[PDB]
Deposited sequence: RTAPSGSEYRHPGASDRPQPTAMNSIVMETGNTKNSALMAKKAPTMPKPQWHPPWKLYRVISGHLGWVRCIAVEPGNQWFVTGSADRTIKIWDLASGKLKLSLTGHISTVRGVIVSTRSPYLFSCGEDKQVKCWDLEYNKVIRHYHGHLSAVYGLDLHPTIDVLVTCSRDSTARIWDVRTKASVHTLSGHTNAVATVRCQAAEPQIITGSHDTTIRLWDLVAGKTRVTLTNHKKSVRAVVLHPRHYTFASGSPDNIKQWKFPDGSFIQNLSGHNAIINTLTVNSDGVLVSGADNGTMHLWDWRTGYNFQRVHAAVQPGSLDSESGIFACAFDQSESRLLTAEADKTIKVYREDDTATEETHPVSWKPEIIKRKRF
């Protein structure tokens, strides 16, 4: 196979701190970011220009997602808070209390109206818009699914857990896992580590292959339907891979905290520690 390499096309500034999270709204008209400057910002995707900015977290913003079935935006931050924003009204409308520590990330179930959070308190929690216990350290990322097992978490205990109980726990990683990605066809997924990015088959989590080579602190993993997998790390390096073969076909304060494709999958957006969002397309 063959993927054209990606190039830098835009740099969007405006935050005043590390950009930790990024998400694209389902209509592909705007995207939303969160930063250590404690603000949530919404930008038009075509112009890159700032549309709106929301405040309400008192700590770093670590997770964002725009609902696929609502007019709502959800967010979780290091202040242990998890909020429901109505940007049509541009304000918080609900709180989700229950985590005992900083909340690192979230994902939405495709059609059950549930929100899933992952926190430093080593648990994931489900929220109607349960408590998933068993991990022995911070859960850095969580992915939600349609079929069983619907919940996938990556923890600082180096383990993957397929879930209000765990079905599968996979211990193959030698370092703590910090990023997990689902493949849009939902038969395979991948887990990020400093030692290796590992590929697993749903639903029981069967190890497929090791994707070696990205020797850094992997903060983010994202893939599009064409099979282009993206890994961003705290040193600012980014490794592009072919999903099926596992080939690393391109290698491009500094650091990458979140990456996100747009709905067209022709744009790749990065949340970086230099306080900017960088947009890449294919050359």
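No C-alpha positions are given in the record for the deposited-sequence stretches 1-49, 179-184, 219-222, 312-322, 354-375.
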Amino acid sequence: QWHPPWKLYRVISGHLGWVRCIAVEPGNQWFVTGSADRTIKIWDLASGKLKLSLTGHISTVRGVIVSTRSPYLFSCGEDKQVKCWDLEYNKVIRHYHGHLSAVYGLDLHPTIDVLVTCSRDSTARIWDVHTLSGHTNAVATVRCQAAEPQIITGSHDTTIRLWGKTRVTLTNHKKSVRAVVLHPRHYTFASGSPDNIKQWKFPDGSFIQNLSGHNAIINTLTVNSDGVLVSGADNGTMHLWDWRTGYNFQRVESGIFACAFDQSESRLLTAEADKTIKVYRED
From here on, numbers count along this sequence of modelled residues.
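The PDB entry records a higher mean C-alpha B factor for 196-204 than for its counterpart among 113-121 and 196-204. For the segment pair 131-139 and 70-78, the entry gives 131-139 the higher mean B-factor, averaged over Cα atoms.
Looking at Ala102, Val177, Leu106, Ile93, the one whose CA carries the top B-factor in the deposited record is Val177.
Placement of the Cα temperature factor of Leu54 within the chain: middle third of the modelled residues, per the deposited record. Annotation for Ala216: C-alpha temperature factor in the highest third relative to the rest of the modelled chain, per the entry. Ranked by C-alpha B-factor against the other modelled residues of its chain, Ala258 falls in the lowest third. In this PDB entry, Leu45 carries a Cα temperature factor that places it within the lowest third of its chain's modelled residues. Among the modelled residues of its chain, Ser35 has a C-alpha B-factor that falls in the lowest third according to the deposited record.
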